[PDB]
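For reference, the structure discussed in these notes is given below.
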Amino acid sequence: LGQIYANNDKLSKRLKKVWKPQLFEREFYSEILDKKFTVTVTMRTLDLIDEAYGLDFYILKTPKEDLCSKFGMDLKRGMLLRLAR
Amino acid sequence: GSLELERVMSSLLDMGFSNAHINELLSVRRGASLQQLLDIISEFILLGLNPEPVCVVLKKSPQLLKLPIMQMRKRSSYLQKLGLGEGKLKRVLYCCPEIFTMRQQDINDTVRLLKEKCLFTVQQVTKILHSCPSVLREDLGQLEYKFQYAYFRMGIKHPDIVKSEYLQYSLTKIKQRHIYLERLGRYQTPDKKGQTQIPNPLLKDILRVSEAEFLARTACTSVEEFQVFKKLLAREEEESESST
Amino acid sequence: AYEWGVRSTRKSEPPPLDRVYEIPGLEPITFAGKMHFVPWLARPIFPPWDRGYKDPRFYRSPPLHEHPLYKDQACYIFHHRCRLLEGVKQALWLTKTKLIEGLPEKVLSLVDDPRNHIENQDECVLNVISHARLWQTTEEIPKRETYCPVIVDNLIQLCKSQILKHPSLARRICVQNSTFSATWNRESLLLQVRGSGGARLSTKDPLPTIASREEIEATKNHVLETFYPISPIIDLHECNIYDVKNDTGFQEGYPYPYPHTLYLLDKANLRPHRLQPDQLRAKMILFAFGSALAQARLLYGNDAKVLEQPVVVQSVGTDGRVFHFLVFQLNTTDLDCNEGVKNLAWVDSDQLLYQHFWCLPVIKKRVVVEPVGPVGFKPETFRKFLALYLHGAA
Amino acid sequence: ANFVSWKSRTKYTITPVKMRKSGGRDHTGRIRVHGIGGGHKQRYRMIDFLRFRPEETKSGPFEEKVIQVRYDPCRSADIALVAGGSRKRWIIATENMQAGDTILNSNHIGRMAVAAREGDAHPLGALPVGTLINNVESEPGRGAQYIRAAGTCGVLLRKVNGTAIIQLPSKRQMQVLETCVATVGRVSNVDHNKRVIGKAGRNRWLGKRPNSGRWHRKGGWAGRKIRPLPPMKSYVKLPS
Ligand SMILES: [Mg+2]
């Protein structure tokens, strides 16, 4: 949420602008949880999963300030509990 | 294979095709699937075309056979939706055989241009398409300029231009004849009130008639003067276009 | 095609469950502990709750198919509120009866002689009509629900005033709020009749047979009329939960077991609520057949056969001014097959006691035109009413 | 706004249904359509537009008998109470349907076209070409949606390989399959369009509020205003 100058000119009018991410629904399988989850994600999330080499690795490695998802943190707690127990 | 051949011959017989007719569709077909030939004629007659007009158009343009059936149904539905159906299809198809080959978008914005930008009624647009199939090929810019040229400089309303088939005539030829009359004093642009101090010559004798009689009746001048004016007029237009 | 009930008025889908439940091996944190809702906590799921004790003010019935009296074979029930679509024609087919126009000669013969006539009969009937429709209550135009029952009651009381001449009239009484049930079959169709309403005139002696053996045996040649596009069980209450039972409505030992006359009233203020004359006549036939069938099964057993002694039941129906008279005689109990001996029924249709009644004077240009009172009173209607009442007893 | 639609009934019946007027307002309480309000109170009679609706225990074509043809306050056409088997339902009556008439409904498709009688329901493929047809449906089992007004009549033009072309009263073609069902003939109340209202009071009875008194010259001109081109801008208004 922010402002944009029309035609990229400082002397033109200032207009409100809203930028929204592109959302896709995909199917993900968790090795630790032995379950398949249908969760809406973005292209950035898929890239992060690929670099982390697995959804479980991506969930367990990424901190909470970068996950930005309560569902993702709940996935981490369930994975950690299974590993702990 | 044989049973397929018997079925299509039977279907053509029920659909109104003679034995002389049926065999010459076969000659026109060049490798097209028999079932793809069976339903392409089905959509054409479903549209409303009579048997012998169909045999004409496809034999002039055999490339219509090598077309997906799905797009044929979408195009056929679109043609019926816009008010084009039985009888009117023959005129638009013969003068513009490439109607089924072009995309839906260039037709979409053309009628949108006519209905919204040119402010034509739904019935008038259908009459324009039927009477003048050549409006589809050229771009929107010169058609809008042609329409507004008649509306403002000639002062003629919508029912007159849809009845006289003014749009089908060349922009260059109408400019030469109208400007010459206006400079001759024979034509006067209607004022804001719509009142002309002199009787405006009817659009029919300006354009529909040949230049020899047009010069003799309305212009009342020698042929070589018009030719000199034509070169003069063409000079100003290319200067005006270069300036703009 | 087009389904009834818009989506907006339909029950709303409960909101989706929280994704914490999808996580295996995780215990959700809900607001069920604090016993109140908060938005920042998971929504708990609640196991189904059962009261555990019976409460009549909050009782819930079990499912229909779990009821003890549940049968796969549907039974079509005719009750007081049923209105047959084909009227008498449908009624004849259901009852397997032959219709005869006009009352029996023996019933009518009891009135032709002037001895049985009531003294000042015309004057007494007119005063009864006037009191019912004009002198009944404080208001000036009594409604149909008010005078329709009282006009029949006063007619019965007027007819009951003949005990002086005929002491046998002391063996009959009028029974109110009496119900009866009867069950039978018609071409592999389970049919039941549950009569209600009106007044039941009961007597200690069964009515004499009206038709002879030769006349009864003449019903074999007669055939039942049929209607193809409409099923005979149309406009009938079809229910899969019921009980097959035949009842006369009275326990064994009742002093007046034989029904004499059934009186039916169309006491409805609104014309749409009022039954049509054809539908009203069909109601009498079905009720009379049910009363006759219940008596036949009670006396002659549950077997389906031709009765050696027929059962005669009379019926009178009216809506206040238009009267219908029916005499029903039941001859057989084997109604499964349409061929063979059939029962009989004599009917009189649309007998008007009076064409119209003026509760207020009609003033036209300050001139009285129609005085208060009945218009076109027909004394022949009461003669048939008197004949039906005096039948058997006289 | 606590607005609840009255069309909440879920089971079909022939009993008239009490209904409440909207007055041109949507569920938010704001006016969406102008000129609607008041009028005589009306009771809704549910109409079965699916002519071929066999009973639960039966199947296939069935005969059907007309009981009474009366006037529907909620539509221009006249409705007919028709009874068959052990049920009754409301349908739309054609030009000539009276009490005692028997009408057939059939989904059977024939090798040859069957003779079309008025009021009967037959598939589009089982009807002769050129018959008067009302109460058509887009797809099989959808139900009648088109040609429902009083006196309207469509005509079947051709059938080509399982698809039939019908002519709507608006002089526009439409593509449907032969498996769709339709009613033979034209709707009743042919003289409906020639009725004269007589006075402004009658229009208020029907539930129509008067038009706005504003002079909508701007609205008329806005829908008929054109933008001159830069070369033509000098010719838009020549002073007299
Ligand atoms: Mg005005």
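Protein chains in written order, with this note's numbering: chain A, 367 to 451; chain B, 536 to 779; chain C, 2 to 395; chain D, 3 to 242. C-beta atoms are modelled at their ideal positions from N, C-alpha and C, and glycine is treated no differently.
So with Cβ pairs under 8 Å, would you call residue i a contact of chain D?
{"i": "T98/C", "result": "no"}
{"i": "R688/B", "result": "yes"}
{"i": "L654/B", "result": "yes"}
{"i": "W94/C", "result": "no"}
{"i": "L581/B", "result": "yes"}
{"i": "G6/C", "result": "yes"}
{"i": "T707/B", "result": "no"}
{"i": "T756/B", "result": "no"}
{"i": "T724/B", "result": "yes"}
What in chain C is Cβ-close to residue i, meaning under 8 Å?
{"i": "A85/D", "result": "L86, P230, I231, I235"}
Taking only beta-carbon atoms, is residue i less than 8 Å away from chain C?
{"i": "residue 452/A", "result": "The question about residue 452/A has no answer here: the residues shown for chain A are numbered 367 through 451."}
{"i": "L433/A", "result": "no"}
{"i": "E58/D", "result": "no"}
{"i": "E66/D", "result": "yes"}
{"i": "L399/A", "result": "yes"}
Mind checking if residue i is an interface residue toward chain B, Cβ cutoff 8 Å exclusive?
{"i": "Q147/D", "result": "no"}
{"i": "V238/D", "result": "yes"}
{"i": "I228/D", "result": "yes"}
Chain D partners of residue i, CB-CB under 8 Å?
{"i": "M550/B", "result": "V162"}
{"i": "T10/C", "result": "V6, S7, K9, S10"}
Under 7 Å Cβ to Cβ from residue i, same chain only, skipping five residues before and after it: list those, please.
{"i": "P668/B", "result": "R626, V627, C630, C631"}
{"i": "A43/C", "result": "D19, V21, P29, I30, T31"}
{"i": "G291/C", "result": "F181, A183, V194, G196"}
{"i": "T404/A", "result": "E391, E393"}
{"i": "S553/B", "result": "none"}
{"i": "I142/C", "result": "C360"}
Quick one: list the residues of chain C neighbouring residue i, beta-carbon separation under 7 Å, in chain order.
{"i": "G143/D", "result": "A2"}
{"i": "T104/D", "result": "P230"}
Can you find the residues in the same chain that come closer than 6 Å, C-beta to C-beta, to residue i, ignoring five residues on each side of it along the sequence?
{"i": "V312/C", "result": "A293, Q296, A297, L331"}
{"i": "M21/D", "result": "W8, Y46"}
{"i": "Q570/B", "result": "none"}
{"i": "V589/B", "result": "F579"}
{"i": "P207/C", "result": "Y259"}
At a cut-off of 7 Å, would you count residue i as near ligand 3, judging by its Cβ distance to the nearest heavy atom?
{"i": "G121/D", "result": "In the structure on display, ligand 3 does not appear, and the ligands it does have are ligand 1."}
Residues of chain C with a CB under 9 Å from the CB of residue i: which are they?
{"i": "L52/D", "result": "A2, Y3"}
Name, please, each residue of chain A whose Cβ falls closer than 7 Å to the Cβ of residue i.
{"i": "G26/C", "result": "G444, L447, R448"}
Leaving aside the five residues before and after residue i along the sequence, list all residues of the same chain whose C-beta is less than 8 Å from its C-beta, in chain order.
{"i": "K55/C", "result": "none"}
{"i": "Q277/C", "result": "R84, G88"}
{"i": "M544/B", "result": "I557"}
{"i": "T15/D", "result": "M48"}
Residues of chain D with a CB under 7 Å from the CB of residue i: which are they?
{"i": "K728/B", "result": "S242"}
{"i": "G302/C", "result": "Near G302/C there are no residues of chain D at all, since even the closest Cβ is about 32 Å away, more than 7 Å."}
{"i": "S577/B", "result": "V162, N163"}
Cβ closer than 8 Å: which chain B residues qualify as neighbours of residue i?
{"i": "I81/D", "result": "Correct list: empty, because the minimum Cβ distance to chain B is about 32 Å."}
Spell out whether any CB of chain A is found under 8 Å from the CB atom of residue i.
{"i": "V245/C", "result": "no"}
{"i": "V21/C", "result": "yes"}
Item to complete: Check whether the stretch 256-269 of chain C touches the stretch 122-133 of chain D, taking contact to mean three or more Cβ pairs, one atom from each stretch, closer than 8 Å.
Response: no
Practice prompt. Determine contact between the stretch 332-350 of chain C and the stretch 93-113 of chain C, defined as no fewer than three beta-carbon pairs at a distance below 8 Å.
Written response: yes
Worksheet item: Are three or more beta carbon pairs between the stretch 5-23 of chain D and the stretch 4-14 of chain C nearer than 8 Å?
Response: yes
Practice prompt. Flag this pair as touching only if the stretch 116-132 of chain C and the stretch 143-161 of chain C have three or more C-beta atom pairs under 8 Å; answer yes or no.
Written response: yes
Discussion item. Whether or not the stretch 67-84 of chain C and the stretch 183-198 of chain C are in contact is what I'm after, with contact meaning three or more pairs of Cβ atoms, one per stretch, closer than 8 Å; do they touch?
Written reply: yes
Worksheet item: With a cut-off of 8 Å, do at least 3 Cβ pairs link the stretch 147-157 of chain D to the stretch 36-46 of chain D?
Response: no
Practice prompt. Evaluate contact between the stretch 762-779 of chain B and the stretch 423-431 of chain A, counting only Cβ atoms and requiring at least three cross-stretch pairs below 8 Å.
Written response: no
Practice prompt. Evaluate contact between the stretch 716-730 of chain B and the stretch 676-685 of chain B, counting only Cβ atoms and requiring at least three cross-stretch pairs below 8 Å.
Written response: no
Worksheet item: Does the stretch 240-252 of chain C come within contact of the stretch 269-286 of chain C, defined as at least 3 CB pairs closer than 8 Å?
Response: no
Item to complete: Would you check if the stretch 317-330 of chain C and the stretch 266-280 of chain C touch, i.e. whether three or more CB-CB distances between them fall below 8 Å?
Response: yes
Worksheet item: Can we say the stretch 221-241 of chain C touches the stretch 335-348 of chain C, given the rule of at least three CB pairs closer than 8 Å?
Response: yes
Worksheet item: Does the stretch 75-91 of chain D come close enough to the stretch 229-240 of chain C to have 3 or more Cβ pairs within less than 8 Å?
Response: yes
Item to complete: Report yes or no: do the stretch 19-37 of chain D and the stretch 52-69 of chain D share at least 3 C-beta pairs separated by less than 8 Å?
Response: no
Worksheet entry | Those runs of the alpha helix (DSSP H) which lie wholly inside the stretch 164-216 of chain C and span at least 4 residues | none
Item to complete: Spell out a yes or no on whether the stretch 594-611 of chain B and the stretch 562-577 of chain B are touching, meaning 3 or more CB-CB pairs, one atom from each, closer than 8 Å.
Response: yes
Worksheet item: Is the stretch 741-759 of chain B touching the stretch 701-710 of chain B in the sense that three or more CB pairs, one from each, lie closer than 8 Å?
Response: yes
Item to complete: Pair every Cβ in the stretch 162-172 of chain D with every Cβ in the stretch 204-212 of chain D, then say whether three or more of these pairs are closer than 8 Å.
Response: no
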